[PDB]
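First, one chain by itself: the form solved without guanosine-5'-triphosphate, in structure tokens.
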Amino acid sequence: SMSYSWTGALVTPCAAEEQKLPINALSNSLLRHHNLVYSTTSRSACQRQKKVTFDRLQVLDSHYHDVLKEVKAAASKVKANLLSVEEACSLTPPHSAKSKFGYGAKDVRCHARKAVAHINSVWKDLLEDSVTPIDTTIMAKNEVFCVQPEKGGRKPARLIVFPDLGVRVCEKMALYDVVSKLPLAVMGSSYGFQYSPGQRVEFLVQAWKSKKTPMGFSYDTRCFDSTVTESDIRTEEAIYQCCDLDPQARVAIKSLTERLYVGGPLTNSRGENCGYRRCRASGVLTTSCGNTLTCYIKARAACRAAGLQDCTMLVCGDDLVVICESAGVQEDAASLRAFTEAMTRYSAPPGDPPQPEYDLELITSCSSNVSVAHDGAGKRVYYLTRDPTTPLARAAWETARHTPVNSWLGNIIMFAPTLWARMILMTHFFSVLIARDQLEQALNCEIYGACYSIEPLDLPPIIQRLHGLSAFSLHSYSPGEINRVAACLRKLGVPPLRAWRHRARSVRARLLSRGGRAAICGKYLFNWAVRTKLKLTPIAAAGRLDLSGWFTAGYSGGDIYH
């Protein structure tokens, strides 16, 4: 059972693709080593195709089946509703790929007659045809990274596989409620997407502290999407059907599973047949939910096979962290090898073998880690951070070129308490917005895969709500974090933190002079940059912000607008 078969046709672009960071005075002011920053393009698609193509052998055992039974029992407590066409239309992002059948994202969002008529015809066809594979488009993702020569140079492009816009709207009708409720119901505190960054830190810190002698590890499955088998995807369907569902939804979910999720033909942007998929599609509504459920089932079963004592797991799609009670150094190393053997039998072998970790700050969940800073009183504060390299490279790219969705705003929100988000990202982007007369304009960004429209001037109350007032006053960061940031600035050619402090003082002054929300940005976001501190008190506006649903479920690849 090969994850893919190929015809030899190329994955083609639908537009020109810039490969290197363009030179632009504003982006250059953030980072000057532009030759290190690149975007993946269709040019490397063949390299990715080779990597993700392999035979999957799967041997399921009693632990696997015990866990699946638990999961189906928990799922039976869930009730999920159908969305109306109108409700589903409104979940469509303004930048969503146009339909091959004569309408676009804008038409769907306005509930245009041509779009709605087609969507209805697709739904009708899901009800009437349970078997014929649905076409998908394969594209090479353009994502920005910094080169790491000591690791292999450049990453090849990820491949995205997605059905037509009409099908995507139907997926929401049938499954939006399911994928929004089911993972939480099934795995409880282990479902990572239910947590804000602060809540994730609280979860990890308590898991660590509760152990006599904690040991943790991350498990990196190699090409997780390709390891997901046809039986895995059919098992996901059986799990969805455990919910209380509307009769039409039950038929549509089965049709979507057999005709789309389980596999199907891959077409390039030129309309040529590229091959056939028999694994997870990365661009469907169920990608995040399915990966999370399947990773959880396999991992929980593998924890049992591995004899891991008192296992606490946090799962976000294909991303897995486990914290447990240590049985000794040799014992732990052996247990982790047995965990890997079990995951492998379940079809999911690792890229690099996992390693036992005994220091909390080294535990990595979704490319992030817990670190320690201090508040005003010498009190230790735990917060979530990450290596700033990819955030900084992407920020530079997004300064030089307009992109429909901006990673920098999401990063500022997620990583507000960090040394680097505060001193570099906030300073840079307020300076850019001021320079371009764009301070008052809402921007699209992504949180857990879902797209949101956010006004930068609302950052202070948003940050207060999510991270608390201390996020504006943390100091005395860890030696490890300070060193990691410093190495990153040297690598990328980013000005030193003391330079950013000077720039921040100027930006702060300009913001204060504007009054209103801008003055609140100057006051709260940049208090770190002045020697004469202002007293930061709860922002009146913070209480009224909704923030409902921001950190509730994962939708990466799901084409979701909130």
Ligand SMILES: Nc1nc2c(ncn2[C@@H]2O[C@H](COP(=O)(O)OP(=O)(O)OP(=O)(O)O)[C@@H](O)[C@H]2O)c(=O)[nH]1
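Just count from 1 along the sequence shown to find any residue number.
We do not show the form deposited with guanosine-5'-triphosphate bound, though everything after this point is about it.
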Only hit among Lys491, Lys141, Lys114, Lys211 for heavy atom within 4.5 Å of guanosine-5'-triphosphate in the deposited complex is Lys141
Interface check vs guanosine-5'-triphosphate in the deposited complex: of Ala338, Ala442, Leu362, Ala74, the one with a heavy atom inside 4.5 Å is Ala74
Check your understanding: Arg508: heavy atom within 4.5 Å of guanosine-5'-triphosphate in the deposited complex?
Key -> no
Do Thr227 and guanosine-5'-triphosphate come within 4.5 Å of each other in the deposited complex, heavy atoms counted?
no
Q: Verify the contact flag for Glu272: yes if a non-hydrogen atom of it lies within 4.5 Å of a non-hydrogen atom of guanosine-5'-triphosphate in the deposited complex, no if not.
A: no
### Message
Residue-level question: is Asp177 within 4.5 Å of guanosine-5'-triphosphate in the deposited complex, judged on heavy atoms?
### Response
no
For a quick test of understanding: in the deposited complex, does each of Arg32, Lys379 and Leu474 have a heavy atom within 4.5 Å of guanosine-5'-triphosphate? no
Note: guanosine-5'-triphosphate not shown here; in the deposited complex, the stretch from 129 to 137, 93 to 101, 385 to 393, 242 to 250 having heavy atoms within 4.5 Å of it is 385 to 393
